[PDB]
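A.B. asks: Structural data only, the sequence is not supplied:
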Ligand SMILES: *[C@@H]1O[C@H](CO[C@@H]2O[C@@H](C)[C@@H](O)[C@@H](O)[C@@H]2O)[C@@H](O[C@@H]2O[C@H](CO)[C@@H](O[C@@H]3O[C@H](CO[C@H]4O[C@H](CO)[C@@H](O)[C@H](O)[C@@H]4O)[C@@H](O)[C@H](O[C@H]4O[C@H](CO)[C@@H](O)[C@H](O)[C@@H]4O[C@@H]4O[C@H](CO)[C@@H](O[C@@H]5O[C@H](CO[C@]6(C(=O)O)C[C@H](O)[C@@H](NC(C)=O)[C@H]([C@H](O)[C@H](O)CO)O6)[C@H](O)[C@H](O)[C@H]5O)[C@H](O)[C@H]4NC(C)=O)[C@@H]3O)[C@H](O)[C@H]2NC(C)=O)[C@H](O)[C@H]1NC(C)=O
């Protein structure tokens, strides 16, 4: 059937041009209108614009000055170009076939109709971050053992994986030899533009005496591997 | 943003009251999934969409568009957007709604909160991070306020949105970033997680 796939630089420095590509398979772009929609982390679904071979093409007024939707029949692709990108342009960008209908509520004669558009087929969306952030490896801090929050006989210890960029970070413990009781929290995107995550593992309190706990933080984006011994 | 049990009927209002005549589309945005058209032309269900999903009819004027989901199931937990097209109102480029329908497919679970103080290492590096780790709560909505001694702390707070852990319960993080000064000076700092009316509050102190 029709499948859509948005692709493009997942990360874009502010003022640079966000350009995305919707690759349509099992349908001609020429058979449909095409919309781009973004979900900005702020407020939900922003219909960016739509484009047809017709030339029936319109852009969100908030983006009209900056955006260029565009069809490439040979490449069978819808393309979005958003110049002068800012953090507000961060979000998941969806390509969608746009269908349309007439809503005829009076009589055509009195012009009592309108064309409405709707998107039946959406691509998965490609996340786009507009960030001044440059690749930064993580400071990894030990979260020394704490019994307060865990069940009896056990304690939580962790590694705070602080101020890295971009995603992702991988944390294992004792080189994967400790999987039981491990909870790696998803990262937080901070004001810094930087991510921090924590990974706690809950272990026998008895073992703090003897068992060595090393979290193995891996942040391939910066080719950093940290192995934090977490002591009590 | 509303919660219903499976089987209950979800009614979702979205957008202003109708001015002229409308074709309202509804879209369902399941977490991580692509959105899907679930209603077009006010009431018309696209092929595939179950009869459980009804839309609101065009007239009378002054009507609020309303998605009705009956016999709600877990698959219905999503964001729901109407896209209103009204004859006398300019074309909406931002989908109305974003109304998050939560399907309470399990009972309320109390948040487990772990709070870690700044590591020495961190303080050595002239930084200080309080880590609040919140886990195993349901539904996945918490509120996290930090307190220095007993005063609320505005800045330094970065809190993740919740995320499903494997056991279908939710987890979250809140970090409080401090200067070592800020940390060493207040007698305590508290991570207060409010979930579903109840509050867990962990506290740590520079004296450790
Ligand atoms: C748009 O987005 C869509 C939808 O996105 C999804 O939905 C969103 C909301 C979110 O959840 C996203 O994560 C989703 O992706 C997306 O389409 C999706 O694409 C996904 C992956 O890209 C698919 O994921 C799969 O999902 C299934 C479950 O699907 C059910 O639920 C789905 C989602 O919930 C739903 O979509 C479906 O309707 C369905 O109801 C899941 O099971 C899959 O998991 C496998 O695959 C991943 C990697 O793909 C892997 O990480 C997992 O561990 C798992 O791998 C399989 O693991 C099992 C168990 O371990 C293995 O079984 C064992 O196999 C061995 C074989 O041994 C080997 C060997 O090492 O020797 C393997 C060798 O390589 C092989 N050698 C050779 C030469 O072949 C051999 C060989 O196989 C035999 O030895 C020959 O005899 O052996 C033995 O058989 C053992 O006995 C056996 O136990 C498997 O082998 C292993 N296989 C694989 C393939 O790795 C997976 O996660 C989504 O389903 C899919 N959804 C849809 C609708 O398409 C889409 O991409 C996006 N659109 C685009 C294009 O942009």
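C.D. replies: Thanks, I have it. Residues are numbered from 1 along each chain as shown, chains lettered A, B, ... in the order given.
A.B. asks: mind listing what residue 95 touches?
C.D. replies: Since you didn't name a chain, this refers to chain A. Applying CB atoms under 8 Å, 6 or more residues apart in numbering or on different chains to residue A:95 gives the contacts A:4-6, A:20, A:22, A:24, A:34-37, A:78, A:80, A:122-123. Every residue, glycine included, has its C-beta placed from N, CA and C.
A.B. asks: Chain B is the one I meant
C.D. replies: Contact analysis of residue B:95 by CB under 8 Å, 6+ apart lists A:37, A:44, A:45, A:46, A:47, B:27, B:81, B:82, B:83.
A.B. asks: which strand is the longest one in chain A?
C.D. replies: In chain A, taking DSSP state E as the definition, the longest strand is strand A:91-104.
A.B. asks: Apart from its neighbours in sequence, what residue is nearest residue B:91?
C.D. replies: residue B:85 (6.4 Å; CB to CB, 6 or more residues apart in numbering or on different chains).
A.B. asks: so what's residue 186 closest to, chain neighbours aside?
C.D. replies: The chain I'm using is chain A. Nearest to residue A:186 is residue B:163, by CB to CB, 6+ apart, at 5.0 Å.
A.B. asks: meant chain B, my bad for not saying
C.D. replies: Per CB to CB, 6+ apart, closest to residue B:186 is residue B:148, 4.4 Å.
A.B. asks: Tell me the bridge partners for the one you found.
C.D. replies: residue B:151, residue B:189 (DSSP bridges).
A.B. asks: From the ligand, how far off is it?
C.D. replies: Residue B:148 sits 40 Å away from the ligand, going by CB to the nearest ligand atom, to the nearest Å.
A.B. asks: burial count for that residue?
C.D. replies: Here the number of neighbours of residue B:148 (other CB atoms under 10 Å in any protein chain shown) works out to 19.
A.B. asks: Over to residue B:64?
C.D. replies: Neighbour count for residue B:64, taken as other CB under 10 Å: 14.
A.B. asks: show me what contacts it?
C.D. replies: Residue B:64 touches B:13, B:14, B:15, B:16, B:17, B:18, B:56, counting by CB under 8 Å, 6+ apart.
A.B. asks: any chance of those residues in JSON lines, plus distance to residue B:5, secondary structure and neighbour count?
C.D. replies: Listed next are these as JSON lines, based on distance: CB to CB, whole Å; DSSP: H, G, I helix; E, B strand; the rest coil; neighbours: other CB atoms under 10 Å in any protein chain shown:
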{"residue": "B:13", "distance to residue B:5": "20", "secondary structure": "strand", "neighbour count": "16"}
{"residue": "B:14", "distance to residue B:5": "22", "secondary structure": "strand", "neighbour count": "21"}
{"residue": "B:15", "distance to residue B:5": "26", "secondary structure": "strand", "neighbour count": "21"}
{"residue": "B:16", "distance to residue B:5": "30", "secondary structure": "strand", "neighbour count": "13"}
{"residue": "B:17", "distance to residue B:5": "29", "secondary structure": "strand", "neighbour count": "12"}
{"residue": "B:18", "distance to residue B:5": "30", "secondary structure": "coil", "neighbour count": "23"}
{"residue": "B:56", "distance to residue B:5": "23", "secondary structure": "coil", "neighbour count": "22"}
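A.B. asks: that older thread, give me the phi and psi for the residue nearest to residue A:186.
C.D. replies: Residue B:163 adopts backbone torsions of phi -150, psi 140, taken as degrees, to the nearest 10.
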